[PDB]
Amino acid sequence: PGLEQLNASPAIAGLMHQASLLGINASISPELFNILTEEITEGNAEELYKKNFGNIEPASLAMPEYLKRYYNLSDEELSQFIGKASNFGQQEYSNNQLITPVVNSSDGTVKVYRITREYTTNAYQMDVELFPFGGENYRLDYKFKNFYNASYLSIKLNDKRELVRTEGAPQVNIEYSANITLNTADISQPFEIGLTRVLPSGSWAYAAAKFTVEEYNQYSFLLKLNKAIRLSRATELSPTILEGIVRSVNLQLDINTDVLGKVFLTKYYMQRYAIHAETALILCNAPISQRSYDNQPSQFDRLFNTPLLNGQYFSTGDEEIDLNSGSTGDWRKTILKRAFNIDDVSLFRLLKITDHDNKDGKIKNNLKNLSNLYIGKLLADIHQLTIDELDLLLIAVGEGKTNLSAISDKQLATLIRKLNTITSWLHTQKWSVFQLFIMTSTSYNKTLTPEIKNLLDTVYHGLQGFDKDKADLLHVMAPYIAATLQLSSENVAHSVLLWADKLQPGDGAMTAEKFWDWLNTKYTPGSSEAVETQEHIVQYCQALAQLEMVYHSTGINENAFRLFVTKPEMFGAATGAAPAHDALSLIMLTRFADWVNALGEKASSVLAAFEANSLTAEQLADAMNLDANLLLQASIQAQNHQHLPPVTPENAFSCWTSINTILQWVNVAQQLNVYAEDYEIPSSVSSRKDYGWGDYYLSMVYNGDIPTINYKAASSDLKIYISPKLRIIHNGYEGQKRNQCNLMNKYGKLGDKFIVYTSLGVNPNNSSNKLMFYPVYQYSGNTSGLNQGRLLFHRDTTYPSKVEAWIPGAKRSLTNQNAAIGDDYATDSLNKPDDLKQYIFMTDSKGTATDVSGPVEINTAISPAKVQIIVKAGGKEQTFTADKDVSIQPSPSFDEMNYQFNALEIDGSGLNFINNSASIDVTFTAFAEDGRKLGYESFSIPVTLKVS
């Protein structure tokens, strides 16, 4: 739980990137990872919508009740993603963005508007807002702060195009509204609405905001909203809280890996520590978010001014604040005092941890400094450390020369990690930070202690004439120094000497040899004055105390300790490099010792095996009494992930560093433990009784069913309710029509209007192919670029060729050079649509030729309204129009169109019954813009009555 062991064993965790780590505590599936990652553009919007959403139209999804129901989210949770909405059209900015759906009753369309506001000028002296009332007409709300005594005010879209001008001089605290119109050309670019007020002498004061207005198709909008929502449910954070994180971290409204990483770091910080979301964010290295959202006070005011000294923290960034300890400054210093719960002195130490460079206690008051001091204090706070402990521990890890200052985000994160790992470790071990500090750090403060004077005298008289040949130096040396040290045996001391020599602790690299030389040469006992080098020798002194602690602190088998000191190489050391003193290393020695003791008596065999290459896994297995394969797969597992010492199968068993890593694989795994007088009706009726083609046979209605039939019985009367859905598709059974239609779909959108050709033939002469081009001529229409016309064609021939279309009437030929294999268009210059009415001769210069006949003009436009449903029961036919009946109407798309009829009421009796059964005719039909019927598919719904 909480993934504590994953935190405990950094080696195992090290294999994986934090990004994956997120998967455990906060819910984000690999695919969800993908859903977050995909980029959303307006072009992409439709497909990604098909991607992210099913058949549902965005008009259906946009309804607020529908979302709540679908997501199973509370109204508040829903309100967090989407700007709040009133009963009225009025909507307001929430989290510095406006999100407004706008539907026009005329069109029957759903369009979602999103506006971005960013202040270029002022932000004081100005407040401007923009609301979309409808297409092309917007309401502008602007209020004035600051004073300007102007003759008139001009609201300008750009330097040129003033939206509004006022003869009166604007006054204080009055938001004034003026209706303004913005064009589609205007909307496309994020424009700057600038309010300039001119007073005779000023002459003017200027304040302006940059608005980004985005039009969203129903589909894409839901997608982007989707990411906002999925984030909030899974991470379990507020959409505003996330908003701060995203807005803070990267470009507006984009969810990135870094952003996820930040959500994760915070969650981890808050899971492990009492810390609330806002404080954990700063731990994550963030700046205090000054914004106020959700009717909550900003992170900053809540952080600093929940209590009141008697002043609201301005956080201006202008004010110089006296942080030194030893001075009484502004109330601002007092502000800091209540917030952190610190004295002036300790605050000074805080500032110093924040910035070593800052000579006097003065602060810029910007966000960076506030974040830096707070970082120092929280750095102390999350772990169980006072500022003293945080200071020693920072110097001990070795970091604190280094200041928070401007520090790499990468480095702040590293610092966070180191602190987290060690703190959890000390916490487990029952060791204080100071105890750790005395042992870790290379400090060794220079002083002639009585203890030191005594060691030296004994050793000095002891070592004075030493002959290397006669005896081992360490051996001879061991009892002298041990004698000085309290309760250390000769062996313990000898092990210590080895470690000291390997470590070389000091600003001056030190060796016992260096040490002895200095002693003989320079040192005199009982003399106060001495060579400055002494600081370095003092280094030796504290260092020995240090090394000794490692042995006692870790609790290592003494022989094993000698082994580590004598051959750190086995422990994965550089073997040429000094035995490591790090946090990573100290834990390593400790885990190694515990392991040795666990081995117990057998440990001699193991450690001995350890001296040579003889120790292996599965040998290790017998000792641990774990299954051999467990160790072996630990090894495989080690080999696959990347580690500080790399791990290879040859090596998995022979070198110790791999062994320690493999064992951690073990720790992780073990942790996971791994009569009739109603209608005696048929119980349904949906079979294609008949299917009919469009009038022209160009388009048709593909099979889609009338889901069920219901009925209510009355005296002589019958009420039957039906739910038939309509489908319109443009594809032929097969042939040229499909090709032409494919061209229309590929090259153009729905309602567009254009000419297609009925009869295509191969030319006698000029043709080897018996193959023909499939032409269609597009017009300027709903979606047309510059051109009046474009000639579209589909060519079967694989080989590259030029296609030319010649017109006898026109006497001009549209040309395409090296047309694409599948489909291509020859643009028309000095385009006249009338020309294309005339007979066209199309050919490849190479073997293909075709002659086109029977030109037809077609209008693809179908209002959902024009399409109908017809019914035959009894004497009278019944009809139902789409506008009333179609709940949501489909966006014009060439690909397909679906129409939904809510429910329809139908006649019965009459419908005369034959063979005691009768059917109710239901036929779906449609009519396009040019005036042909797209097709129709007729259905039957049978009914049975009494029996004669």
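Calculation rules
- Residues numbered from 1 in each chain as written, not as in the entry; some residues may be left out.
- Part of a larger assembly, values for the part shown.
- Heavy atoms only, no water.
- Helix = DSSP H or I, 4+ residues; strand = E, 2+ residues; numbered from the N terminus.
- Buried < 20%, exposed > 50% of the residue type's maximum accessible area, 1.4 Å probe, protein only.
- Areas by Shrake-Rupley, 256 points an atom, 1.4 Å probe, with all protein chains shown as cover.
- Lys, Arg positive; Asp, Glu negative; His and termini not counted.
- Charge placed at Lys NZ, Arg CZ, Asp CG, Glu CD.
- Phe/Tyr/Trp six-rings, centres within 6.5 Å; stacked < 30°, edge-to-face > 60°.
- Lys NZ or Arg CZ within 6 Å of the ring centre and 35° of its normal.
- Patch = residues over 30% accessible without salt bridge, like charges linked within 9 Å, V, L, I, M, F, W, Y side chains within 5 Å.
- Salt bridge = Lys/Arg side-chain N within 4 Å of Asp/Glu carboxyl O.
- Core = buried A, V, L, I, M, F, W, Y, C linked by side-chain atoms within 4.5 Å.
- Contact = heavy atoms within 4.5 Å.
- Arc of directions from axis to C-beta.
- Pairing = 2+ DSSP bridges.
- Axes fitted to C-alpha atoms, helices over the stretch in contact; angles between N-to-C directions.
- Parallel < 35°, antiparallel > 145°, perpendicular 65-115°, else oblique.
- Left-handed = near helix turned anticlockwise from the far one by under 90°.
- Nonpolar A, V, L, I, M, F, W, Y, C, P; charged D, E, K, R; others polar.

For this deposition, the record names cryo-EM as the technique by which the model was determined and cites 3.46 Å as its resolution.

Participant: For this particular structure, what's the right way to read the overall build of the protein chain?
Facilitator: Of the regular secondary structure elements, the protein chain holds 34 helices and 29 strands. Taken over the C-alpha atoms alone, the protein chain extends approximately 130 × 85 × 80 Å along its principal axes. When the 948 residues of the protein chain are sorted by exposure, 45% land in the buried category. With an accessible surface of roughly 48200 Å², the protein chain has 49% of that area assigned to carbon and sulfur atoms. Side-chain charges in the protein chain split into 81 positive and 104 negative, and the spacing between the mean points of these groups amounts to 5 Å.

Participant: What exactly am I supposed to notice about the packing of aromatic side chains here?
Facilitator: To describe a pair of aromatic rings, one takes the distance between the centres and the angle between the planes. In this structure the tally under the stated criterion is 37 aromatic pairs. With a centroid separation of 4.4 Å and 75° between ring planes, the pair formed by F592 and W656 is classed as edge-to-face. Within this pair, whereas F592 is found in helix α27 (residues 583-599), its partner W656 is found in helix α32 (residues 656-672), the two being separated by 64 residues in sequence. Pair check on accessibility: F592 and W656 agree, each one buried. A cation over an aromatic ring shows up here: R165 above the ring of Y152, its NZ or CZ 3.3 Å from the ring centre. The side chain of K352 reaches across the aromatic face of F348, ending 4.7 Å from its centre.

Participant: Even after reading the chapter, I still don't get a negative patch on the surface, so can you show me in this structure?
Facilitator: Together, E31, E38, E39 and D254 line one region of the surface with negative charge. Within the secondary structure layout, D254 lies in the loop between α11 (239-249) and α12 (257-272). Residue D254 is classed as partly exposed on the basis of its relative accessible area, which comes to 36%.

Participant: Hey, could you run me through the nonpolar core in this one?
Facilitator: Proteins that are soluble and globular tend to have nonpolar side chains buried together. Ranked by internal contacts, the top residues of the largest apolar core, which has 145 residues, are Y269, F304, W499, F571, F592 and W595. Beyond its immediate sequence surroundings of up to four residues, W499 is in contact with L547, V550, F561, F564, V565, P579, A580 and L589. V685, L718, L743 and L791 belong to the second largest nonpolar core, which has 65 residues in total.

Participant: Sorry if this is basic, but what is going on with helix α28 (residues 603-611) here?
Facilitator: An α-helical turn contains 3.6 residues, so a residue and the one three or four places further along point in the same direction. Among the residues making up α28, those that are buried are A603, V606, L607, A609 and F610. The buried residues of α28 all sit within an arc of 155° when viewed along its axis, so they share a single face. Among the exposed residues of α28, those pointing more than 90 degrees away from its buried face are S604 and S605. Where α28 is buried, its residues touch α26 (558-566), α27, α29 (619-624) and α32.

Participant: Which parts of the structure should I look at to understand helix α18 (residues 387-397)?
Facilitator: Among the residues making up α18, those that are buried are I387, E389, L390, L392, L393, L394 and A396. Residues of α18 that are buried in the fold lie against α16 (344-354), α17 (367-382), α19 (409-429) and α20 (433-440). A positive phi of about 115° marks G398, the residue just after α18.

Participant: Any chance you could explain unusual backbone geometry here in plain terms?
Facilitator: The omega torsion across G202 and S203 is -5°, close enough to zero to call that bond cis. For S203, the position within the fold is in strand β9 (residues 203-216). The step from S909 to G910 runs through a cis peptide bond, and the omega angle for that step is 10°. At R161, a residue that is not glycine, the phi angle is positive and equals roughly 120°.

Participant: Explanation requested: the sheet that holds strand β7 (residues 175-181) in the structure shown.
Facilitator: Sheets are built from strands that pair by backbone hydrogen bonding, the pairs being arranged parallel or antiparallel. Taken in spatial order, the three strands of this open sheet run β3-β4-β7, and their pairing is antiparallel. The two strands at the open ends of the sheet, each matched to only one other strand, are β3 (127-134) and β7. The average undirected angle you get between the axes of adjacent strands in this sheet is 25°. By the bridge criterion, seven bridges tie strand β4 (residues 137-143) to β7 in an arrangement that is antiparallel. Across the sheet, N137 pairs through a bridge with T181, a residue of β7.

Participant: Just checking my understanding: could you explain the pattern of salt bridges for this structure?
Facilitator: Should the charged atoms of two oppositely charged side chains come close, the side chains can pair. This structure, assessed with the given rule, holds 27 salt bridges. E896 serves as the salt-bridge partner of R727, at 2.7 Å between the closest nitrogen and oxygen. Here the residue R727 occupies a position in strand β15 (residues 726-728), and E896 occupies one in the loop between α34 (882-885) and β26 (897-899), the gap between them amounting to 169 residues. A salt bridge links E857 to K753; the nearest nitrogen and oxygen atoms lie 3.9 Å apart. Placement of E857 in strand β23 (residues 849-859) and of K753 in strand β16 (residues 753-761) is noted, with a sequence separation of 104 residues between them. Look at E857 and you get partly exposed, because its relative accessible area is 42%. On the basis of relative accessible area, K753 is assigned to the partly exposed category, the value being 34%. Connected through shared salt-bridge partners, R812, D828, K832 and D835 make up one network.

Participant: How do you make sense of the environment of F610 when you look at a structure like this?
Facilitator: Secondary-structure assignment places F610 in helix α28. C-alpha of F610 to C-alpha of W656: the two residues are 46 residues apart in sequence and 7.8 Å apart in space. Among all residues touching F610, those that are not within four sequence positions of it are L563, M570, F571, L615 and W656.

Participant: Explanation requested: the sheet that holds strand β1 (residues 98-104) in the structure shown.
Facilitator: One open sheet holds the six strands; their spatial order is β1-β2-β9-β8-β5-β6, and the pairing between them is antiparallel. A single partner strand is all that each edge strand has here, and the edge strands are β1 and β6 (162-166). Going from strand to strand, the sheet's axes swing by 20° on average, the running direction of each strand aside. In the sheet, strand β5 (residues 152-156) pairs with strand β8 (residues 191-199) via five bridges, with the strands oriented antiparallel. Bridge pairing in β8 links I155 to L195. Sheet contacts for helix α10 (residues 218-235): β1, β2 (109-121) and β9; angle to β9, the most-contacted strand, approximately 100°.

Participant: Before we go on, may I ask you to explain the side chain of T657 in this structure?
Facilitator: Considering the arrangement of structural elements, one finds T657 in helix α32. Apart from residues no more than four positions distant in its own chain, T657 is found in contact with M570, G572 and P645.

Participant: What should I look at first to understand the pairing of β1 in this one?
Facilitator: Along any regular strand the residues' side chains alternate between the sheet's two faces. Pairing between β1 and β2: seven bridges, direction antiparallel. Bridged to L98 within β2 is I115. The turn joining β1 and β2, which pair antiparallel and follow one another in sequence, is formed by four residues; a positive phi near 85° is taken by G108.

Participant: Help me understand the packing of helix α5 (residues 42-52) against α10 in this model?
Facilitator: Working note: a packed helix pair is described by the angle between its axes plus the distance between those axes. Axis separation between α5 and α10 bottoms out at 8 Å; the angle between their running directions is 60°. It follows that α5 is oblique to α10 by the angle criterion. Where α5 crosses over α10, the two elements pack in a sense that is left-handed. Side by side, α5 and α10 meet where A45, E46, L48, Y49 and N52 of the first sit next to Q218, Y219, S220, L222, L223 and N226 of the second. Residues belonging to the contact of α5 with α10 are distributed by class as follows: six nonpolar, four polar and one charged.

Participant: Explanation requested: the environment of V110 in the structure shown.
Facilitator: Within the secondary structure, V110 sits in strand β2. For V110, a relative accessible area of 16% puts it in the buried group. Along the primary structure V110 and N491 are separated by 381 residues, whereas in three dimensions their C-alpha atoms are 85 Å apart. Apart from residues lying up to four places away in sequence, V110 is in contact with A59, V102, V103 and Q218.

Participant: Would you mind going over the pairing of β3 with me for this structure?
Facilitator: Of all eight residues in β3, seven are buried, a share of seventy percent or more. Once β3 ends, the chain turns through two residues before running back antiparallel as β4, passing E136 with a positive phi of about 70°.

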